[PDB]
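Since the structure comes first, as structure tokens, the remarks are kept for the end.
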Number of protein chains: 2
Amino acid sequence: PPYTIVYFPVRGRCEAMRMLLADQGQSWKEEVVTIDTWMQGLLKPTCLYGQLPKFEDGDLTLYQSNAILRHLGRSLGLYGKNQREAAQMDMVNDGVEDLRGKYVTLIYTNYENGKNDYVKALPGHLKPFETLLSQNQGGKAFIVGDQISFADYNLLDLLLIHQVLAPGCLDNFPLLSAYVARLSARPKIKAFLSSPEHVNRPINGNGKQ
Amino acid sequence: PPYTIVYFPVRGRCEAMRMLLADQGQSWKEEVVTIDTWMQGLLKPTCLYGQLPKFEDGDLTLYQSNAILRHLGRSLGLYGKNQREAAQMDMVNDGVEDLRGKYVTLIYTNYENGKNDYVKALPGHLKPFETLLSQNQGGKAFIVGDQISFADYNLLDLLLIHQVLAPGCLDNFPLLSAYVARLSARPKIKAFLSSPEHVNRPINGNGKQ
Ligand SMILES: N[C@@H](CCC(=O)N[C@@H](CS)C(=O)NCC(=O)O)C(=O)O
Ligand SMILES: N[C@@H](CCC(=O)N[C@@H](CS)C(=O)NCC(=O)O)C(=O)O
């Protein structure tokens with residue numbers, strides 16, 4: 001520590017880690033970069049891969065949302081109890097990112113004539129996560145263990161942004177519906193979810209959702 | 001162990017993992033799925049996310065080329081020396097993953113038209129890996145630290161695969177070039193890159209490169 005997130009005023013990718021850092025009682029500092037600020041062309045050239053978020057934790061400066069999500073998982077110990085769980089979780093996040101990536105192209109590239117297509121295909125993508133749950137205490141626990149992990153925050157987020165995009169999507173997946181109901185009811189998360197910092201934040205930075 | 005890979009008959013997202021198994025003196029089984037067996041509709045319904053590679057280590061059945069590299073990375077212990085390194089390691093890999101994704105889509109979706117652009121913006125995407133090296137021990141060690149990691153096998157593949165798509169691309173990046181020479185000279189590596197098993201294997205499915 002201390003924790004500082006650097007990124008455009010949007011939930012985008014950072015909302016997951018914000019939820020993790022909050023669930024785990026940590027306090028971080030937000031450092032907004034508006035598109036206007038970004039266009040100045042001074043900060044971007046410092047960014048390792050020319051993008052954001054840029055996360056700092058003490059003398060350690062990271063990049064890549066997932067690299068960050070995993071570092072938080074190793075540090076706050078939300079990355080499993082054995083090399084086996086670490087695999088299951090990683091197999092889950094890698095899947096989440098895969099889907100989210102599509103969600104990004106849809107919203108920032110072909111939203112108008114793309115949404116109908118993606119909304120129909122969506123179901124096939126959520127089924128695995130439902131299956132994963134069926135195969136663990138009957139979806140009464142978490143995505144991988146009996147404990148929360150970096151992967152759980154990420155999945156909870158993706159499902160939350162998909163409740164905006166394709167309303168009712170999880171109706172046919174009774175476990176994922178439970179999953180979201182519980183995780184969101186977690187005291188610290190519910191606190192965050194009603195937070196003005198989060199409620200006054202555009203899911204994506206172009207006005208489409 | 002034992003190690004068993006289930007993939008199509010191409011390098012693609014599996015060459016770097018096979019390549020790590022070689023360096024670590026390990027032996028694995030390659031159950032090769034020809035396209036026909038895939039189109040017949042045999043495995044797909046069983047596979048977590050449809051797609052392959054599928055991997056089995058003992059009784060652990062993994063999925064996702066990156067959840068695998070990380071697994072082999074933790075098991076064989078080549079995931080850095082401490083946390084700061086592990087995180088720095090992920091940021092390098094996820095970086096690799098991105099440039100790789102762009103590779104794929106140009107290949108299976110636009111080789112003809114797009115190759116013209118890919119090659120010209122490529123340098124902007126190689127820079128960071130030239131940067132990371134210069135910072136880390138004058139670029140005389142690996143991408144992160146002085147101990148080889150899973151991240152190095154992915155980045156080596158990516159670089160090799162890019163020399164074919166556009167010779168001399170690494171000519172303006174001394175360090176990265178040398179990183180390829182050094183990592184290629186490694187006893188098991190050289191052998192693997194010399195082995196017909198690897199050679200006769202086509203880089204991508206649609207024989208484009
Ligand atoms: N693989 C990176 C990609 C992050 C990303 O998409 N960054 C975008 C914002 S959502 C960005 O920085 N855009 C600014 C730019 O490219 O100029 C990650 O997942 O962290
Ligand atoms: N997200 C997976 C992607 C796996 C993948 O894209 N596999 C390709 C071959 S390179 C495939 O053909 N999958 C079968 C299909 O599309 O049905 C990973 O990280 O490795």
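Ligands are numbered from 1 in the order shown, chains are lettered A, B, ... in the order of the structure tokens, and residues start at 1 in each chain.
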Enumerate residues in contact with ligand 1: an atom-to-atom distance of at most 6 Å, counting only C-alpha atoms and all ligand atoms. Format the result as a PyMOL selection string.
chain A and resi 12+51-52+64-65
Print the selection's residues with C-alpha atoms to a file, as a PDB file, in the first residue's frame.
ATOM      1  CA  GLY A  12     -15.288  -0.169 -17.556  1.00  0.00           C
ATOM      2  CA  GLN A  51      -3.402   2.479 -22.008  1.00  0.00           C
ATOM      3  CA  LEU A  52      -5.163   2.552 -18.653  1.00  0.00           C
ATOM      4  CA  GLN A  64      -3.382  -4.590 -17.453  1.00  0.00           C
ATOM      5  CA  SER A  65      -6.575  -4.892 -15.442  1.00  0.00           C
TER       6      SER A  65
END
For the structure I just gave you, how does DSSP split stretch 35-82 of chain A - specifically, which residues are strand (DSSP E)? Reply as a ChimeraX atom specification.
/A:54-57,60-63
One decimal place gives the atom CA of residue A:29-atom CA of residue A:69 separation as 16.3 Å
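If you measure from each of B:121, B:203, B:175, B:165 to ligand 2 using only C-alpha atoms and all ligand atoms, the closest one turns out to be B:203.
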For residue B:28, find every residue with an atom within 9 Å (counting only C-alpha atoms), except residues of its own chain fewer than 6 positions away, and show them as an NGL selection string.
:B and (1-5 or 18 or 21)
Distance-based interface of chain B with chain A, 9 Å, counting only C-alpha atoms, as a ChimeraX atom specification:
/B:48-49,60,62-68,70-71,74-75,83-84,86-95,125,127-128,131
Counting only C-alpha atoms and all ligand atoms, the residue of A:177, A:116, A:57, A:96 that sits nearest ligand 2:
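Checking each of A:177, A:116, A:57, A:96 against ligand 2, counting only C-alpha atoms and all ligand atoms, the winner is A:96.
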